[PDB]
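Student: Structure incoming, see below.
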Amino acid sequence: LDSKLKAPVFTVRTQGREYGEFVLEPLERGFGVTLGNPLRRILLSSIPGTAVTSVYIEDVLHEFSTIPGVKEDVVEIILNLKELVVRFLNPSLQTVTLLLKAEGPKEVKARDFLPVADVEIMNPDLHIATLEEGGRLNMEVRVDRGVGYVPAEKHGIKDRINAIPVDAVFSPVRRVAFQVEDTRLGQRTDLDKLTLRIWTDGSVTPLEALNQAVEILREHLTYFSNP
Amino acid sequence: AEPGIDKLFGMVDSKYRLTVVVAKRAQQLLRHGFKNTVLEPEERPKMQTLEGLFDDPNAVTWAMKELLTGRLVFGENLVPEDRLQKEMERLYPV
Amino acid sequence: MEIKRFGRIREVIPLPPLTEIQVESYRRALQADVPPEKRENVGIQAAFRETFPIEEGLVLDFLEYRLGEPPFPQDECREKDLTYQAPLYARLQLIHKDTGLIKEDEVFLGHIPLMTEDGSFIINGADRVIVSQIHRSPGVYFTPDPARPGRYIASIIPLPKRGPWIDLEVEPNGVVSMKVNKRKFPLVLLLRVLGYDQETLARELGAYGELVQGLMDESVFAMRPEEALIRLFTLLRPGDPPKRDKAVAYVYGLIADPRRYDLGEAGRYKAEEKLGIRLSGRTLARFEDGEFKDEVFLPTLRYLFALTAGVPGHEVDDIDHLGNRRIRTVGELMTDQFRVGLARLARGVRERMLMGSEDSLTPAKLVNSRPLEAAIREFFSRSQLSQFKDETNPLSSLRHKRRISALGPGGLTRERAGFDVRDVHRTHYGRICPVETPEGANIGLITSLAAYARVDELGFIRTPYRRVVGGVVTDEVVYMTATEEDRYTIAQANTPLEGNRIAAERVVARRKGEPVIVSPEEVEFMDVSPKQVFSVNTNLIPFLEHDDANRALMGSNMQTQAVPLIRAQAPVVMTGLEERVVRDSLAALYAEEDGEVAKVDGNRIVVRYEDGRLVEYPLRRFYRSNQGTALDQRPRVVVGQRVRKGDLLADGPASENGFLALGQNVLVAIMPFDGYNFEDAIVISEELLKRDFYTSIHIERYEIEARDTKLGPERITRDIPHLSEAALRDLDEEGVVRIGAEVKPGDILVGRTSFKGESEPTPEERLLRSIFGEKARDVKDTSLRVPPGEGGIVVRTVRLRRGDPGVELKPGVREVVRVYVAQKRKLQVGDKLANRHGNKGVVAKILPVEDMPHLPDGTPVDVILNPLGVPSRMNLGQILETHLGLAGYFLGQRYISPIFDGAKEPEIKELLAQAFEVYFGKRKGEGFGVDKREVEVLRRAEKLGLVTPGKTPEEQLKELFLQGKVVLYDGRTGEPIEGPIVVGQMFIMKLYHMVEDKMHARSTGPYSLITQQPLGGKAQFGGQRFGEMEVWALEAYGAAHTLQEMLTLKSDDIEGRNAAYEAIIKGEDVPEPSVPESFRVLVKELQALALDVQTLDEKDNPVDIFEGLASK
Amino acid sequence: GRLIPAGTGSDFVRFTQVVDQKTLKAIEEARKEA
Amino acid sequence: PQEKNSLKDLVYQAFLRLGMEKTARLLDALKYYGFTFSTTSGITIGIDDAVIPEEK
Amino acid sequence: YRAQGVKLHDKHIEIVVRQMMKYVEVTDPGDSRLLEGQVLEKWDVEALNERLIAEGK
Amino acid sequence: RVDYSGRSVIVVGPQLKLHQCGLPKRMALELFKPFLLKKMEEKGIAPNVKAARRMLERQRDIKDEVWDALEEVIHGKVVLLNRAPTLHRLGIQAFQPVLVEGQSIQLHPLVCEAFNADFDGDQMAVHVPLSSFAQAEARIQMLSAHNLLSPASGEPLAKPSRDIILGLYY
Amino acid sequence: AXXXXXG
Amino acid sequence: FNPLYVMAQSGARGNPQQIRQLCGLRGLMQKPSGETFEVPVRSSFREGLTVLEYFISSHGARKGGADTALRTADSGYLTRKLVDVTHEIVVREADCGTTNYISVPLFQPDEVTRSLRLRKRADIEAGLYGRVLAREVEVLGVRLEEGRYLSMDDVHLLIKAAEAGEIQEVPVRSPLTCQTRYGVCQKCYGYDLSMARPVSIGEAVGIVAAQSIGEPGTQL
DNA sequence: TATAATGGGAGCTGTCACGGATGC
DNA sequence: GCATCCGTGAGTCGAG
Ligand SMILES: [Mg+2]
Ligand SMILES: [Mg+2]
Ligand SMILES: [Zn+2]
């Protein structure tokens, strides 16, 4: 009947700003998935981030058109624009518009975007497009702060008539995996070992992500306080 | 699977020779109390107990890892038997 | 709760008494209630009449017999390890022919086992069952000759151990041959012995031209009946002097002697019906007025020739036909052994008659009862048909008594058993269940008596039908044999009826087993019920028509293995047979007449009837069965309750309110779960353990003896050398563990000391002795301890001692002590669960309740069954059972769904609709709408085409619910299962195969005497067998050292195993193997065969494996 | 109860020896001495 | 879709290219995800799941 | 085996068949000690015959 | 018949890695018993071997530390699981034992096909190879994870089946 | 009685 | 996505006949005499059988059960005979140096006797796989060398060649022609099929053969 | 240690397929 | 040259 046991030790394994592994053991029976699932849900849906929500390109009507002088189609450019990782230096800032104008033979990278105050580009070596001789690319991209994943048709934002709405990938967290393995402390054989695996884009580290995630949860627990 | 089993099988012309080598080597480790090991202090196979990581008691695990290092010589008619025995007894008493 | 029953078929007659096959048989054999002068010539009376009179001039004759009352009641016999039996006295009279002196006395022949009320026996305290045997009915058969087509064999078969089979065959050389005791001789010779003139045989057999010419031999007719007789005697007995009276003796004993040669009454009847004749006696001939007269032989020869010729009205015989196969029940078998023992007693009688003094001989001096006693005892102990009764649950006993076996004495051996006899013959219909048989080597050889089936006085299985005249079905019920059934057109039991008249233009019937569509004018008879086709077990499987036969077999067999549960419940879906089984099995206690309940106790129920008499019923409480299952009766009534006749007073084991309860009704979801239900494994909720579902009581009996030895007496005492008070804690003053104590492996049940074997202490022992200054005790600790893996609470102690009143043990035994230990077994991982449809699985995982899939209302499922077990198995009955089970869950009702007259999909759909309203409308009123998860699942199901698009969420959820599917939430996530899952109530049983009984391990232990190999079996603390095939596995792996260890270090290499153990406790690697002892045993056993086996080296020089110990 | 002439019991593989470079060198010097 | 044959071929080819250690890891992975997805797939058996075609 | 859908390599069956062909029967003894109709191992009669051929017998 | 052997009911192992089997604690305590006495002496658990054995005699006399001792004893070692009939060599396979609570042996799903084993009540025998040699043969040659492919057809004998295929297909 | 364990 | 259909198609559970018996119909049934009974069972297991139908199916069920039960023993006996005959055969050397070999046919006479038809893929695999080439083979501009262990890809290649009319038969080292005493050699045996590489010397080949033939025995 | 006594007594019957030794 | 006799085989654990 008598039950008294020690609080679990939190173990951390981190490689760069991209990836981390988080081990929590021992836990009481079942608590491995009790902690793991909500955190996974929060980590994917609710973690604050940035995304490209809209794109305008000169002489381009719709998304499925092509660009004379450029090999990639408008589709492929928008894809690369989704992989763009933008970090806002200031909390006040909500939305930005980044302009890119280039021509001649060139391979356009994310670094080529004209710098904005308190806006950092985490992946400057990301390849947006290649331009040929006579190839002309003039474009403006709409970058917003939000959470989770919003398809293009859901926000549907347009600054002008030719602006193409882009699926907004807000989540700095790319993937969350967790697994519970049986572990034993002394004669207690049903105990849980929680392991979390988090992939981010580097804008927010996995440890930062997990910390933000557990805070959101705790704050939601305070909502049962005053009826 | 045993770690690096494919390379181990790669080392011999017959898998059963790998077995004979590993076994004899492990018996050598047991007889001399792992004093004859070719593994550096940080290559030592570890077992996790309640207190902390200690030396893996298992001589076969050892023998296989040693074999993987390449620091072991195997073959037929390397040394007369009792000479090998006595020399290992000299270098590593029991 | 309400019990709703389906089906339109009204059964005209109830099931016959299910144990009658045992009871009426044995009662018929004993004739104990019949006053001696009114007894018939059947039974043990028959055996007396065959044995006596005993002649050769003294003559011992038999007047009558009597059976006394049993010296002890059944219970007392069970406890004292006695046999429930009655003393058998026989009134005999010795008559000296010359003197005329008649001495008459009643002699005591010993005891005969009495059958209990339920149709079982008590032999040495253990309950046994004599299983009915099936065999070829005696008579005259005609079978196709397998070698030569156009020719046939005529076989004359008597009862077993009743004399020789006789074959008649037309030889390629044209003459008719007779085979007796493997002797082929011309039949015409025996024909001449019977006194047949060539003229009579010519006029009789003349109608068949070619054959009778082959019958004609003039060298035989030139002889006389005497000369022919002596000729035949010289043919059957080479070297034996051909004396006339000796030849007469031999031939009489071979053919006409009723005591040596016996066709059964059935053999008599069948011979008569087949050969179209009338038999005087039960033999093939007679000795009348000094000569022999023929009975069977000539009609047999006539029929054989007629069949060979092609004459109409002559056919071969189907030996597997159930008209040609009969049953020997308890009475016949016991009577047979009685006849044998009696014959031996007679031999002894003739001995004493010749040897004893001529002036005074009483029947008491002439009769030694011992051989008879031995015969009976042998039958009830070492016979293959005498089996340890299966009491696991009441249905197990009931089913065991109804078993039929083709094996045993006078029966088949599994080698001689081919596909034909194991087949389901068409004639098994209504007689022998097509379903319930063992899966393995005994398949088709061990079968079960059908529910409505009855064995007639001749031993043939009969099934009921109903007379149909002019399309009108009467209530007249007729039991026919298969032969009689073959004569009619019999309609199916489901043929539509309005009143007593059949209304269909076309009806489905059987003619000689052949399915045929006939008009009502053609219907002679009609089945009583689908129930009659199957056994009592198979009849307990609802929706049987939806299950493949192969799994029905498994469900049937497994119901026998169901363990009585403390909380046991009747199935939510029953077949309607659940109460009759409880009643007939004598499991439950019932009210004798209409009355009022006076007293209710755990131990007792006292009832006052209309007679004003007070009748007290003791309840059997926590008694141990043969299988160790607890059999106990609980009162189901209360003080002051009025009870009518046949009312339930008390529930026995596996009975819930008079309904058979073999298991629990649990809430199942059919889905895969994380591989834990992979390959028939089953996942259960810990909630089942919490509420004590599938918990069963088991009682184990331990026994120890203290005996007189030559080294001094063993004694049962509390004084045990070298033992602390911690070990003697629970031992009473006398040394026996006290009732109520908890025992674990290693604990002493009974203290015992034994005087040490004579030994001179080794110098080590002597020095240690002097060092510690303690005298070596002359007794050692032999005490009985709790074996590994066992334990419980001690509920009983029995102590019997020499010198105690009413107690006498076997010679040399001072005292015997028994200890009964009870244990409450919760369901655990590795325990076997099964349903009635053949779905079996071992529990692989027990999840906490929060991990369980649950309904949107927060209700967790009990059991998770993998759907992958359904399609290949083809038992859909369990699915239907689940669906209906779902309905009855929310309606709170149970169902009776008779086999083949069932609940049908639409009806289950209606019930499911009502149930859905109960399951949902409640929510709608509670102020909750449709859940988001429910919406997602509805979208999914809408893509699967499960629900119609455009309907409201409620409409769609109802659409699913009618398919027996519901939305289910993962307890670990909270997200719903993507598809809707089948969920409902299923009846699942805990089988007698329990991992607690089967788990065994050994490092070292006892070894065999000669071979020095480990003993086998858990009880002996034995090692696992590594057999030829395991050896082949190791060889195939090329693992030489593992194998060599198996062959030497771990088994019979003495030095090797010792040195290995010591090496391991020391921490050294194991030493090199030596010669396995059994090889030395081989060498020495070959030497005893006068063969010299020499182990040699490469120099061909001898090597001594016995190390000089075998050489002088 | 003898070791079978197959697998690890094959004459082909069963006489095989194992030695470390340390002991091999030491023995090599024991040979080089005489 | 991945069925018995394609999975078997996958295992064999993985044996050939990557060896038995990696093939063993692969096997365990396939095991894990297989069981996992089978759990939540919504696979079950009702009486209406045996669909009698009208063509019959 | 194919009929029942059992994939099995020819090699094994070949091993067995090889053991089935293991023996020979002498038609003529030649200069040897053997007898007509004497059954022996193919390897043994071949070794014998190579010894005889080498001997010139 | 052999020593250092046992048997029990089998139960599915889905959490087990291919080279592992669940082995009930008590079975292991008995099978490895001499090793366990030795390891009990190597620690303060018992004064000597005989004391350790007398301690393991009664079930109530044994304590927590002996189980950890047993855990150290079996480390790296394998046991041979076997299911009758043994039709081909894969009727016996080697596994690293993982001590489990309960009386049932846990078998890995992927090897079931090769043993022709299922969860309907099948039982299996355990055997402990004693020598360094036997153990080496068991781990190198007989390890479950080292035989993927059929010795007969050359096709994989350890492959997805049942629920695994079901989910992946799904 | 054998096969896959009905009895 | 029907459960029965998915389970069947995937290879998880069920074949077409069982699914058929569940949905369409139970089918033709057998009399005890072994002859097929005229009228079939028109009911599936969903609709449920009539008593008479059930009983008619019972004969077949029993026949199959007895078939199994009595099959196990004969299979076992066969296996023991095979093991006893092959047990001494082990791989005792790398090469016996034999020049002898066998030729595996890629084609077989058609049942109509008209011509030669390509053998089934599985048959050719079972005869060519992991074998050592006894002689050089040049097909489709590819050189498969003498002494080469044929991989599965090599086999498929040879089959393509056969379809292209380049090769009708493959010369191969075989236990049949091996001259190794008391066993076989490495080259004549070829692959250890379990390891998909050449067999190790010391492998007990006879036991593996006997078990490989014996194990399926109860499926016959 | 003495009347005279003088050749026994159960079989067990529904497999099968082979191989090898005798008999027309 | 071919019928017929006799002898000898006929699965593995488990428990009993
Ligand atoms: Mg847990
Ligand atoms: Mg099974
Ligand atoms: Zn070769």
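Residue numbers (my numbering), protein chains in the order written: chain A, 16 to 242; chain B, 287 to 380; chain C, 33 to 1144; chain D, 2 to 35; chain E, 163 to 218; chain F, 40 to 96; chain G, 109 to 278; chain H, 978 to 984; chain I, 8 to 227. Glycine is no exception: its CB is placed at the ideal position from the N, C-alpha and C atoms.
Could you name the residues that DSSP lists as bridge partners for residue 16 of chain C?
Tutor: Nothing about residue 16 of chain C can be read from this structure; chain C reaches only from 33 to 1144.
Student: Starting from the C-beta of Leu115 of chain A, find all residues in its chain whose C-beta is less than 8 angstroms away, skip the five residues before and the five after it, and write them out in chain order.
Tutor: For this step, residue 115 of chain A is matched to residue 100 along the first sequence. Counting only Cβ-Cβ distances below 8 angstroms, and skipping sequence neighbours, we find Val123, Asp127, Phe128, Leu129, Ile143, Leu152, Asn153, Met154, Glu155 and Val156.
Student: Which one or two residues does DSSP pair with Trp214 of chain A in a beta bridge?
Tutor: Within the first sequence, residue 214 of chain A is the residue found at index 199, counting from 1. Note: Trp214 of chain A sits in a beta bridge opposite A:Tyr34 and A:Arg190.
Student: Please report the straight-line C-alpha distance between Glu196 of chain A and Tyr195 of chain E, rounded to a whole angstrom.
Tutor: Within the first sequence, the letter at position 181 stands for residue 196 of chain A. Within the fifth sequence, the letter at position 33 stands for residue 195 of chain E. Each residue's Cα considered, the two are about 15 angstroms apart.
Student: Let me know if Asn255 of chain G comes out buried or exposed under the rule of 16 or more other beta-carbons within 10 Å of its beta-carbon.
Tutor: Here residue 255 of chain G refers to the residue found at position 147 of the seventh sequence. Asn255 of chain G is buried by the Cβ-count criterion.
Student: Let me know if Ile35 of chain C comes out buried or exposed under the rule of 16 or more other beta-carbons within 10 Å of its beta-carbon.
Tutor: Here residue 35 of chain C is taken as the residue at index 3 of the third sequence, counted from 1. Exposed.
Student: Using DSSP with H/G/I as helix, E/B as strand and the rest coil, what is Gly208 of chain E?
Tutor: The residue labelled residue 208 of chain E in the question sits at position 46 within the fifth sequence. Reduced to three states, the DSSP call for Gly208 of chain E is coil.
Student: Can the beta-carbon of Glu711 of chain C be found less than 7 angstroms from the beta-carbon of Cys220 of chain G?
Tutor: As a working mapping, residue 711 of chain C is identified with position 679 in the third sequence. As a working mapping, residue 220 of chain G is identified with position 112 in the seventh sequence. Yes, the Cβ-Cβ distance between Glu711 of chain C and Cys220 of chain G is below 7 angstroms.
Student: Can you find the residues in the same chain that come closer than 7 angstroms, C-beta to C-beta, to residue 5 of chain I, ignoring five residues on each side of it along the sequence?
Tutor: Only positions 8 to 227 of chain I appear in the structure, and residue 5 of chain I is not among them; the question remains open.
Student: So is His235 of chain A buried or exposed if we call it buried at 16+ other beta carbons inside 10 Å?
Tutor: In the first sequence, residue 235 of chain A corresponds to position 220, counting from 1. Exposed, because fewer than 16 other Cβ atoms sit within 10 Å of the Cβ of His235 of chain A.
Student: Hey, out of C:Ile86, C:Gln125, C:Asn589 and C:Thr148, whose CA is closest to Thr115 of chain C's CA?
Tutor: As a first step, residue 115 of chain C is located in the third sequence; it is residue number 83 there, counting from the start. Checked all of C:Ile86, C:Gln125, C:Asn589 and C:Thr148; the closest Cα to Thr115 of chain C is C:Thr148.
Student: Starting from the C-beta of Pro190 of chain C, find all residues in its chain whose C-beta is less than 7 angstroms away, skip the five residues before and the five after it, and write them out in chain order.
Tutor: In the third sequence, residue 190 of chain C corresponds to position 158, counting from 1. Closer than 7 angstroms at the Cβ level, and outside the excluded window around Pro190 of chain C, lie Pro170, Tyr293, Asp294, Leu295 and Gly299.
Student: Comparing the C-beta of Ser269 of chain G with each C-beta of chain F, is any distance below 7 angstroms?
Tutor: To locate residue 269 of chain G, count along the seventh sequence from 1; it is residue 161. Chain F contact via Cβ: absent.
Student: Cβ of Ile359 of chain C within 7 angstroms of Cβ of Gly491 of chain C?
Tutor: In the third sequence, the residue the question calls residue 359 of chain C occupies position 327. In the third sequence, the residue the question calls residue 491 of chain C occupies position 459. Yes, the pair counts as a contact, with Cβ atoms nearer than the cut-off.
Student: Where do the N-terminal and C-terminal ends of the alpha helix (DSSP H) with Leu912 of chain C fall, by residue?
Tutor: Position 880 of the third sequence, counted from the first residue, corresponds to residue 912 of chain C. Run containing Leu912 of chain C: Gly909 to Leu923, per the alpha helix (DSSP H) assignment.
Student: Starting from the N-terminal side, write out each stretch of the alpha helix (DSSP H) that is 4 residues or longer and does not extend beyond the stretch 31-96 of chain A.
Tutor: Fully enclosed alpha helix (DSSP H) runs of 4 or longer: 46-60.
Student: Step through the CB atoms of chain G and report whether any lies within less than 7 angstroms of the CB of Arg1057 of chain C.
Tutor: Numbered from its first residue, the third sequence carries residue 1057 of chain C at position 1025. Yes - at least one Cβ of chain G is within 7 angstroms of the one on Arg1057 of chain C.
Student: Residues around ligand 1, please: the ones whose beta-carbon is closer than 6 angstroms to some heavy atom of it, in chain order.
Tutor: Residues with a Cβ closer than 6 angstroms to any heavy atom of ligand 1, in chain order: A:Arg44, A:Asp197, A:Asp205 and A:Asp207.
Student: For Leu140 of chain I, which beta-bridge partners are listed by DSSP?
Tutor: Indexing the ninth sequence from 1 puts residue 140 of chain I at position 133. BP columns for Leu140 of chain I point to I:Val179.
Student: Are three or more beta carbon pairs between the stretch 1000-1015 of chain C and the stretch 591-607 of chain C nearer than 8 angstroms?
Tutor: Touching, no, given that fewer than three Cβ pairs across the two stretches are closer than 8 angstroms.
Student: Quick one: which residues of the stretch 456-474 of chain C get their C-beta closer than 7 angstroms to a C-beta of chain H? List them in chain order.
Tutor: Hits within the stretch, in order: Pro470, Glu471, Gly472, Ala473 and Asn474.
Student: Of all Cβ atoms in chain B, is any one closer than 7 angstroms to the Cβ of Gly1070 of chain C?
Tutor: For the purposes of this step, residue 1070 of chain C is taken as residue 1038 along the third sequence, with counting starting at 1. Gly1070 of chain C counts as touching chain B.
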